Each structure stands twice: as C-alpha cells, then as structure tokens.
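Q: coords please:
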Amino acid sequence: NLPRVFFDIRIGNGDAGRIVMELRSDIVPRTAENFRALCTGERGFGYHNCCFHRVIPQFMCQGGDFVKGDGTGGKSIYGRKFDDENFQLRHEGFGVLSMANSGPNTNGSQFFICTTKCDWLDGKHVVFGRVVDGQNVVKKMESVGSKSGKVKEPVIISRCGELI
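A: Numbering: from 1, shown residues only. Take a look at the structure below.
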C-alpha cells in the first residue's frame, strides 16, 4: 500500500493547515521510503520544524533542508546523498512531489512541490509522489512568496508524519 504522509504548515503567526501526500513506493520505493522516514523522524532526523526556503507563486515551493535551513544542505536516510532511482514519473501538474538536487545522483532531503505542469524538469528531478489533500495549503504559501522565490515570512513544517 502507498504511504500517506502529512505536513502541518505554519505561515508566520498562523496555522495554515495540513498537506497530505501520497508516495509512489510502487515506482520509486527507495525515494518514497526516504521521504516517509524523514516525515516520521524515525531515524532521529527529518522534516519536523524544517522550513520552505523558496516559494515561487504558480511554479513551486521548495523545502526539506533540515540541516542548514537555507537550501544549501540536507541528508537522506541512506547517507549524505543517494542515486536517482528512476525517471518514470512526470512533473505532470499541480501537487507533484519531486527531489531537489545538485546534479545527477545527489538526492538528499530537499524536495519541491510543483504548482503547475513543468515537463521541462522531467529527466532532471526524481518525481516520487503527489499532494492528495490540502492543495489550498500549498496555494496559501503564495501569500509569502515572490517571483524571485524569496520568502517573506517563515513557512514551517510545525508537525509531520504518516497517516493510516
């Protein structure tokens, strides 16, 4: 069965709600497991209290740097980096979950949520899931985003984990 995980999001001084994500363990089991484990914090580290450090309205939101908090760091449950598992899933529309990287085979913890179809990213980033509920919460983040991506108020994963 496909993992169901969540982020509770706080934007500035307000709780924004819950994002629920389905992970495609059927296609990218290793990549899905990394993300799932970082949501639950079962290895002793993960996305809890991590921020979204870039928000570009109508393009995407990026987060998952729980090491440095600024988009320069991160680590996976497999070590500092792990290989691109496959490129079978596409950045086909709103809510697609994909791994940020610094070139081939440099996956860590950073990820982005697409808020539009971005086919041009296919074959560059490993897609591993999709937002299934709380699309409004992803869209809410735009209130503190900008065209450059600079974030105006803290966007924090106040709580995260796995759902039944």
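Q: List the contacts of residue 85.
A: Applying CB atoms under 8 Å, 6 or more residues apart in numbering to residue 85 gives the contacts 28, 29, 30, 31, 126, 128. All C-beta atoms are positioned from the backbone trio N, CA, C, and that covers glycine.
Q: In ChimeraX, how would I select the buried members of the residues you listed?
A: Of the contacts of residue 85, the buried ones go into a single ChimeraX selection, burial set by 16 or more other CB atoms under 10 Å:
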select :28,30,31,126,128
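Q: would you list the contacts of residue 85 in TSV and tack on secondary structure and distance to residue 84?
A: Formatted as TSV, these follow (DSSP: H, G, I helix; E, B strand; the rest coil; distance: CB to CB, whole Å):
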residue	secondary structure	distance to residue 84
28	coil	9
29	helix	14
30	helix	10
31	helix	9
126	coil	5
128	strand	11
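Q: Just send the contacts of residue 85 back as JSON lines, with distance to residue 50 too.
A: What follows is those, written out as JSON lines (distance: CB to CB, whole Å):
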{"residue": "28", "distance to residue 50": "21"}
{"residue": "29", "distance to residue 50": "23"}
{"residue": "30", "distance to residue 50": "21"}
{"residue": "31", "distance to residue 50": "18"}
{"residue": "126", "distance to residue 50": "19"}
{"residue": "128", "distance to residue 50": "17"}
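Q: Could you tell me how far the most centrally placed residue in the chain is located from residue 14?
A: Nearest to the geometric centre of the chain sits residue 111, at 3.7 Å (CA atoms, centre = their mean). Distance of residue 111 to residue 14, given as CB to CB, to the nearest Å: 23 Å.
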